[PDB]
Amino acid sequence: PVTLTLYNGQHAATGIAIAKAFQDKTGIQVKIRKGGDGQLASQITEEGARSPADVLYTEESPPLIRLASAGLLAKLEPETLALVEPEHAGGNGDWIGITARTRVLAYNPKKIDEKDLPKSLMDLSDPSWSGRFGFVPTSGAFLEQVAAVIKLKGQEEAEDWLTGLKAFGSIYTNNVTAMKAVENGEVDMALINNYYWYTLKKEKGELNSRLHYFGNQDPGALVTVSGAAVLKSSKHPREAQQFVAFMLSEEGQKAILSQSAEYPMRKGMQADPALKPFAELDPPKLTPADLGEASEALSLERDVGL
């Protein structure tokens, strides 16, 4: 008769799938509140000790870092933390990575050959790309991408870069519409996360668009971590801890990956071989903790007006 409340920043189908698999294993019912990572983080911030949320599940790590710094998250059970590499968990062990996603340049090969794509993410502020690419300034992983450009290239070059994106990029409300616009022939390329192509490929059967990976430790090769945590205010701590642990069990990871084409954070578990091999991503040397709350990046987004 215990009911957990899950605040789900991950994509709706993904949260529904993991919560269902946890219900089928344990008998515990999971009520879901779906929202944006930051929206939910702010909701928990204001509800504070009165929040009904038992577990929070996000697409990206800054909201977990933010909440962990506020003291709102519970220390996770050591057996749960032992399931991932330590750089994929909070430094104080009160949130844990569940899957990783990575930044891509989706493109339409009918409208641009692969050899003619930008060689670096930093190239997209050049005027020659004007009208040719989409990006998503409200996106949680885009915000991490900005943070990464600041850390790797410094504030002055990040500001110039993002000024160029505002001048020359095309704004999409979310990654789904950016991906569709590349597929539909409406924009030559777009910066999104890797898994969106696999969702559209499942729905339509075959696709015109293709994914380009910057690699080479480029700022654009960033890997970001979707994570989860138990709320310190939870009146069901044991059951909430079991839920997070189940998310990193083999069955839980598979249930998540059946809805999202992401990389498992469970040690020793491989992603679907249809993904670009994680080892070939060659991302910039940036951890979730390096990206932090992405506060400076958010400031830059607001200053530049995106």
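Numbering starts at 1 and follows the sequence shown.
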**Prompt:** Looking at the entry, does 231 to 239 or 92 to 100 show the higher mean C-alpha B-factor?
**Reply:** 231 to 239
**198 to 206 versus 162 to 170 - which carries the larger mean C-alpha B factor in the record** = 198 to 206
**Prompt:** Per the PDB entry, which option out of 77, 183, 123, 144 has the greatest Cα B factor?
**Reply:** 183
**Prompt:** Which has the highest CA B-factor per the PDB entry: 70, 271, 265, 32?
**Reply:** 271
**Prompt:** Ranked by Cα temperature factor within the chain, is residue 4 in the lowest third, the middle third or the highest third?
**Reply:** highest
**Complete:** In terms of its chain's C-alpha B-factors, the third that includes residue 190 is the middle
**Prompt:** Relative to the other modelled residues in the chain, which third contains the C-alpha temperature factor of residue 42: lowest, middle or highest?
**Reply:** highest
**Asked** How does residue 65 rank on Cα B-factor within its chain, lowest, middle or highest third?
**Response** lowest
**Message:** Splitting the chain's C-alpha B-factors into thirds, which one does residue 287 fall into?
**Reply:** middle
